[PDB]
Trainee: 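Before anything else, here's the structure in question.
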Amino acid sequence: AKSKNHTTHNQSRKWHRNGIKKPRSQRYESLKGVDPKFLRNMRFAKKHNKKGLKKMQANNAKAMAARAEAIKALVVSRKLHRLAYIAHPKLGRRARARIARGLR
Amino acid sequence: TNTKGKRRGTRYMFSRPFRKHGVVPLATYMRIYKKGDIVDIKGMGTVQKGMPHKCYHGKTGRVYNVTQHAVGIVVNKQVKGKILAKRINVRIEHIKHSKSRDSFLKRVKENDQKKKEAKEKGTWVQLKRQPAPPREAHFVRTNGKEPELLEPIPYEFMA
Amino acid sequence: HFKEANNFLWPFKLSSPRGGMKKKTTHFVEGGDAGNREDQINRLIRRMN
Amino acid sequence: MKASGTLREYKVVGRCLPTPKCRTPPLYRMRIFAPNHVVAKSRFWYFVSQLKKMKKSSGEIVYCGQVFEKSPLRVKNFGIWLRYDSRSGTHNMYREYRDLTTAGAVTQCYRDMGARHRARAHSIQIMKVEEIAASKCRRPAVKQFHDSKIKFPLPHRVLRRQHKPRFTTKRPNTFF
Amino acid sequence: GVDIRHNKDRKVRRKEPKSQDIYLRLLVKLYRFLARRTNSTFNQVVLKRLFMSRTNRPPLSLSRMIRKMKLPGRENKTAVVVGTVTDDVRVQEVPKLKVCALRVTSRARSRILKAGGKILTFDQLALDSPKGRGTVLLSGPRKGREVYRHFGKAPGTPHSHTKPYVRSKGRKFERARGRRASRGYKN
RNA sequence: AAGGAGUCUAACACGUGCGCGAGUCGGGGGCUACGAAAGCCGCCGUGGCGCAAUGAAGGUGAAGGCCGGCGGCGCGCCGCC
RNA sequence: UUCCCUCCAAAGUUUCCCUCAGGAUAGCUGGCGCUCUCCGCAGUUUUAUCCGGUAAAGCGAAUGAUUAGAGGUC
RNA sequence: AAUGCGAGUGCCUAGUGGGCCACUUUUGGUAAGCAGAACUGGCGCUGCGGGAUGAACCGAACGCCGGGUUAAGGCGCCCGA
RNA sequence: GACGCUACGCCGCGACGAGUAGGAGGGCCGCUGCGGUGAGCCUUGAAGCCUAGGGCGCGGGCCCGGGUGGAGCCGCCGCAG
RNA sequence: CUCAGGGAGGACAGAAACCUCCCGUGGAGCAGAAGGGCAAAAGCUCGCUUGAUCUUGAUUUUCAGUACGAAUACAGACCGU
RNA sequence: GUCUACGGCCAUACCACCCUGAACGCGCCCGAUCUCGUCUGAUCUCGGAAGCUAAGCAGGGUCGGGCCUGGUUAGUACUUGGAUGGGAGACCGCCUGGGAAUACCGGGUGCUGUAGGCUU
Ligand SMILES: [Mg+2]
Ligand SMILES: [Mg+2]
Ligand SMILES: [Mg+2]
Ligand SMILES: [Mg+2]
Ligand SMILES: [Mg+2]
Ligand SMILES: [Mg+2]
Ligand SMILES: [Mg+2]
Ligand SMILES: [Mg+2]
Ligand SMILES: [Mg+2]
Ligand SMILES: [Mg+2]
Ligand SMILES: [Mg+2]
Ligand SMILES: [Mg+2]
Ligand SMILES: [Mg+2]
Ligand SMILES: [Mg+2]
Ligand SMILES: [Mg+2]
Ligand SMILES: [Mg+2]
Ligand SMILES: [Mg+2]
Ligand SMILES: [Mg+2]
Ligand SMILES: [Mg+2]
Ligand SMILES: [Mg+2]
Ligand SMILES: [Mg+2]
Ligand SMILES: [Mg+2]
Ligand SMILES: [Mg+2]
Ligand SMILES: [Mg+2]
Ligand SMILES: [Mg+2]
């Protein structure tokens, strides 16, 4: 009573019925597996980002006000070109009006 | 059946090249890997600590964690119905900067420079990579001599 | 806009070639049908269209 | 190659890609026998890939024309130089034919090799075809027609069209 | 023949409500007319949500309604609910709210009407804003049901906080071999 | 020719329909031909399940921030109204 | 192992089991949907960039096998 | 970059877990319609035209019909040509 | 000043149609009994049975005609096996 | 510090004891089976030692992507050199 | 042009023999009281400056060996896909694309980073 030992004959056809899909690419991947010392210090940086908030708006509102003084310192043939202009429903409206007023 | 050993069939895969044995060079030590860098994996048999497994040899991934002597890499692995995102800690001698993204970055800076250019000149410059087109119609000069007549040679039993 | 113009067209549902095929299983330079027949695709086009 | 119908006789000129090393390659002309120009270009690339180190992707077809018979109204002796494969071994030959056109003589040569040596057209490799004077011929099957006062009858005229009078009364006559 | 695959030819989605209740089936007729006779996508979303099962329209709490209508810009608007507006009793102040829902519970209705707002039905909403203008579509937490704690990666697998199916919870109910580093292993 | 084989009860999961909804449920009990049905009880909601988890257990048990005044440490922190 | 029609449609493979005529598990299947649309994805190619030690080849290159002469001093 | 295509996602889930054949690669064996692998396609689950016959070969996959044309095969007669 | 719209209805464009194990849907397919309903059928002939009769439906099946027979039977909306 | 091996020398000393010079890419050795790796070393000889200690998590290998075993990067301590 | 200290790529840099080295340097060299270590101041460590490029080192040479890079080998060997191609087979030819490696024959024989010198 000997039986078949091992094969992968139909396996490559079974894999492609629902497809071989890559893992779900998301922005902001998890920080799980990152080393504990740098992960601990990053949490301390996030804990005190709110400390210099009133100094941060004093720079970003300064930049937004300086944006005003930055931006206000600066502040195939002629036949087929004519016929495609007349055939325009909006641009050739007065040209079609001229043609309709050409036969009276 | 085969064994489930960790280094089975790695005889030529983890061997050093011919006349490239001995002391490992130090430029593979004193180069900098940061998070998000694209890194290909090539196992070296001189150092034995932090060796990647044989299924990651010749693969390419992205660094997510950097330690004192090693980096952590997210490598795609083909497993039996699907692809998994593996996180492997590989010591720095098995690690090389991949040059596949380098051409893309040099093209990004070229495209940004060529888009800053020709905005004040009003023209339109091609930024897509077109494939190899059919060649344009040209004249071949047979100046002087006629083309040489080629004929098949007779057989010689040189066995 | 060749990509858009060609993708707008449905793939052409052509009949069987009148007169007959030469040999379906072999290349055109072997006296068959498969592969690149450079100027002679029109002869198939009139008998198949 | 499949020797379909009668062959046409093509002059095919090709060259290599112009490179920074070889800025102008020499042009190579060949004398191809093929049913059409699509087969003729493929046989040109086969022969030139056998002789020179030049491939279809590394080269181009500069010219491919059908060059005709300069005199298809006189009968000519054609000597053809062969290189063929047998079931065990490959051999060279020289054969002689009588024809009005060079391509007709080579067409007759392909049927002759297939008839006598069971040599298919892919094993047959024509290497030189030459118009031969009647005093330079060698085969007695061709030299027997070099007679100014040639004379023979048609001795046993077998009756063709055996099915239009299909049920007939008189028995057929073969003497004419 | 063609080498196409007929596995995904039939999309599963709902064309009609499975329920046979005739008051819902008249609102389905109304918003089916409105979705094809207007270009407003609000009527399409309302008509599609009227088809859905009871688990696909979970109830809103009044407190979640207060916070989702307290946001800036969306004042004097009609909150449109396809499910049920239930009362949430851990809130003390109720402002006035213009409400459209399929069902409003009896104690939430009293609190809304005592606050001074209005409670509409969907025919009243179709008469008031046929294209659903000045409305805020809201829906309940769909993963709020207890059934979703047992879903996902299986328990007894590394990094899987999936609730197992136990006949009861306690000291000696699935807490020994796959859970302890002492007895066997821990995932 | 006739009979002849995934049924019934209990338990669980998931989906679906209905009612009520942070509640819900009288199934046990009681009141008042079909009817052994239907109706009603609310200080009959006991009780079940849900609303709180975690620990073996003793047990414990689900945002904070700013400012002023005071005390201490040497401008920040801690404690205190 | 008892009526009809319609639609979709397999597997004899992985791992574990006193497992080898059987189960559990993953895979293949079906049904129920839902979230969006009215960027993403691909049993494919092109262009870059890495990986290999098979086919071939080599033994006047290491290891192992192996045939013949020739020139040499002690 | 080209070409093409609407995708993503969550529950519940039957049957199966004896396989076999063919081009190429390939192990044991003198060999086997033998035993054992890799890849792809089939048969199993599938009718149809051809190979006289026929699980697997060649062509081509199937709702019920009319007209036309083909594939692989053929065109003395059986037997259409 | 035609018809329409059993909206669970009606109508219009395309594409497609193999199937074992298996899964799902639709049955104005069929059997028996119950709650409603056909001012239902019936000794001027019910059920059942027979039929070289007329038909409908892809099909499961069904409706009429003739004969036989002598007392009960069926359609629709739900329910149950 | 340099090994295996070889050459030329030196009383007994010879094929082979010990000393010295030169060549020596590893032809040695690293406990074992084989493969990979290694020369101011991972080999040999010395000096000091107990990182073969305590404690969380993460990862790889087998894999169902579960365990056990084995392994890799860290982090918190106390240490050795 | 060139050297020294520390290097990068690790023979185009290695190996054998010969020739030439101005100046600074690098060395050989002279010693053992101190630091230090040995059977032995030979090595290592220390204190020096009489002599010398002899050697190390640098540059160059050899129809040099090696190494590196090309041609030939050769569109050969091999190989993706195809045929109701051949052959009794063994195997081979053709279509469609890709394409090696010896022997043999040429060319070359370290580039360079930082800091500091000499050639004033
Ligand atoms: Mg088996
Ligand atoms: Mg015809
Ligand atoms: Mg075929
Ligand atoms: Mg069809
Ligand atoms: Mg199907
Ligand atoms: Mg389906
Ligand atoms: Mg019966
Ligand atoms: Mg439920
Ligand atoms: Mg059996
Ligand atoms: Mg191998
Ligand atoms: Mg070989
Ligand atoms: Mg077999
Ligand atoms: Mg199938
Ligand atoms: Mg078939
Ligand atoms: Mg036969
Ligand atoms: Mg027909
Ligand atoms: Mg026949
Ligand atoms: Mg079907
Ligand atoms: Mg009968
Ligand atoms: Mg050391
Ligand atoms: Mg001395
Ligand atoms: Mg010197
Ligand atoms: Mg000298
Ligand atoms: Mg040389
Ligand atoms: Mg320098």
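These values consider heavy atoms only, across backbone and side chains, with no hydrogens, waters or symmetry-generated copies. So you know, we letter chains A, B, ... as the sequences are listed, proteins then strands, and number each from 1.
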Trainee: Now, which nucleotide makes the Watson-Crick or G-U wobble pair with F:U7, with each of the two distances under 3.5 Å?
Mentor: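 Checking every strand shown, F:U7 finds no partner, since no pair has both distances under 3.5 Å.
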Trainee: Find the partner of G:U73: check Watson-Crick (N1-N3 plus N6-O4 or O6-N4) and G-U wobble (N1-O2, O6-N3) distances, both under 3.5 Å, and reply none if neither fits.
Mentor: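 Base-paired to nothing in any strand shown.
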Trainee: Stacked, yes or no: H:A56 with H:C57, six-ring centres under 5.5 Å, planes under 30°?
Mentor: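 For these two strand neighbours, the answer is no: their six-membered rings do not meet both cut-offs.
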Trainee: As a test of reading the structure: which of J:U72, F:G21, K:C67 is closest to the side chain of E:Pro59, going by heavy atoms?
Mentor: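 The listed nucleotide nearest to E:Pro59's side chain is F:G21.
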Trainee: Do H:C5 and G:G40 pair up in this structure? I mean Watson-Crick (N1 to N3 plus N6-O4 or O6-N4) or G-U wobble, both distances under 3.5 Å.
Mentor: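 Yes, H:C5 pairs with G:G40, since both Watson-Crick or G-U wobble distances fall under 3.5 Å.
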Trainee: Please tell me which of D:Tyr46 and D:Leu51 maps to the more 5' nucleotide of RNA chain K, matching each residue to the nucleotide holding its nearest heavy atom.
Mentor: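 Between the two, 5'-proximity favours D:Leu51.
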Trainee: Select one nucleotide: of K:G82, G:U14, K:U84, the one nearest the side-chain heavy atoms of C:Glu30.
Mentor: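 Per side-chain heavy atoms of C:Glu30, the pick is K:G82.
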Trainee: Please state whether C:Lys3 reaches the major or the minor groove, judged by side-chain heavy atoms lying under 5.0 Å from groove-edge base atoms.
Mentor: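 Major; the other groove has no such contact.
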Trainee: Just confirming the chi classification of J:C63, syn or anti, using 90° around 0 as the syn window.
Mentor: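 Syn, angle within 90° of zero.
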Trainee: Heavy-atom nearest nucleotide on RNA chain J for B:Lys82 versus B:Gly50: which residue maps closer to 5'?
Mentor: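 Final value for this comparison: B:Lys82.
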Trainee: Are D:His91 and D:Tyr84 near enough that their ring centres are under 6.0 Å apart?
Mentor: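 For D:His91 and D:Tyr84, the ring centres are under 6.0 Å apart.
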Trainee: May I ask you to check whether B:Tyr56 and B:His94 place their ring centers less than 6.0 Å from one another?
Mentor: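 Aromatic pair excluded; centres sit 6.0 Å or further apart.
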Trainee: Picking from K:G85, G:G12, K:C95, which would you name as closest to the side chain of C:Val29?
Mentor: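 Given the options K:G85, G:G12, K:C95, the side chain of C:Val29 is closest to K:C95.
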Trainee: Considering every strand shown, what is the Watson-Crick or G-U wobble mate of K:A115 when both distances are under 3.5 Å?
Mentor: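 Partner of K:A115: K:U4.
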Trainee: Should H:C48 and H:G29 count as paired, given that a pair must be Watson-Crick or G-U wobble and both distances must be under 3.5 Å?
Mentor: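 WC or G-U pairing between H:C48 and H:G29: no.
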